[PDB]
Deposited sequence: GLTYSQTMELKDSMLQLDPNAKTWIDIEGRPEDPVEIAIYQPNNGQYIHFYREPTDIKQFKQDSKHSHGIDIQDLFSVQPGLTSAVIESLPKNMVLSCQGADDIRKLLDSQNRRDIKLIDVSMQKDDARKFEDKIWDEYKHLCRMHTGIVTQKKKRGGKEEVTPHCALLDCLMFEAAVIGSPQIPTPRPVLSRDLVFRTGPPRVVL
């Protein structure tokens, strides 16, 4: 989990959300073993976005090749404990928009956050991904974690970009205010290997 100072920093950064604004949530991975989480406020562009190493490797490899394309080695350096830390400090009685509520409901409940309510926009599969190509063209650089070829060859599913494209689908245009991450990379990732000296 997080250190005392990491925990103070996270809570401080999370208060940059307005607890009342429209807020999307999306996860990749099963709710008992999530590997990527995004919480996004379209109007101001702010988002919480972080990763998690999986515990079930066989199911992860399946999800990797047919959904999110994440290589497990790229998760080794991510900061543990962020999922429970973030969910614990989301505002009381917060309301979240999502596309498909079943898994996210389980995840919040497992964290005793039954006070958090979900609004399932329940779009149809392809309506939800109308602007998938344009959103990936513009905002690919915001998440480079989907490195594997995914087959169902299709575009990998990213918690962050899914939130952005669902927002685009609800409003009818890929034109959204610039997304800005509220978490620092040093909170999402551990230090990683030293610079190779060249």
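Colleague: Provide the list of deposited-sequence positions lacking C-alpha coordinates, grouped into contiguous ranges.
Modeller: Just one stretch lacks coordinates - namely 153-160.
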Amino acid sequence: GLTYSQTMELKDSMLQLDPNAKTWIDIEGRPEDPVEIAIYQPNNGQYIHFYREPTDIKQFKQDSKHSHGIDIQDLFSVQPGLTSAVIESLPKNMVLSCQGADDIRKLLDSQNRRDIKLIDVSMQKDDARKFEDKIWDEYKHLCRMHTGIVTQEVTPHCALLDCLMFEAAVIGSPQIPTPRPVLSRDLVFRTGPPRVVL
From here on, numbers count along this sequence of modelled residues.
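Colleague: Averaging C-alpha B-factors over each stretch, which comes out higher, 13-21 or 173-181?
Modeller: Per the PDB entry, the higher value belongs to 13-21.
Colleague: Which is higher on mean Cα B factor in this entry, 101-109 or 124-132?
Modeller: The recorded data point to 124-132.
Colleague: Given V35, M165, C158, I149, identify the residue with the highest C-alpha B factor in the PDB entry.
Modeller: That would be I149, according to the entry.
Colleague: Among the candidates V154, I48, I27, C143, give the one with the maximum CA B-factor reported in the record.
Modeller: Spelled out: the listed residue with the top C-alpha B-factor is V154.
Colleague: Using only modelled residues of the chain, where does the Cα B factor of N93 rank: lowest third, middle third or highest third?
Modeller: Tercile = highest for this residue's CA B-factor.
Colleague: Should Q41 be placed in the lowest, middle or highest third of its chain by the C-alpha B factor in the entry?
Modeller: For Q41, the deposited C-alpha B-factor lands in the lowest third.
Colleague: Based on the deposited C-alpha B factors for this chain, I'd like to know if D137 is in the lowest, middle or highest third.
Modeller: For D137, the deposited C-alpha B-factor lands in the highest third.
Colleague: Comparing against every modelled residue in the chain, figure out the third that the C-alpha B-factor of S84 lands in (lowest, middle or highest).
Modeller: Ranked within chain, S84 CA B lands in the lowest tercile.
Colleague: Based on the deposited C-alpha B factors for this chain, I'd like to know if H66 is in the lowest, middle or highest third.
Modeller: Tercile = highest for this residue's CA B-factor.
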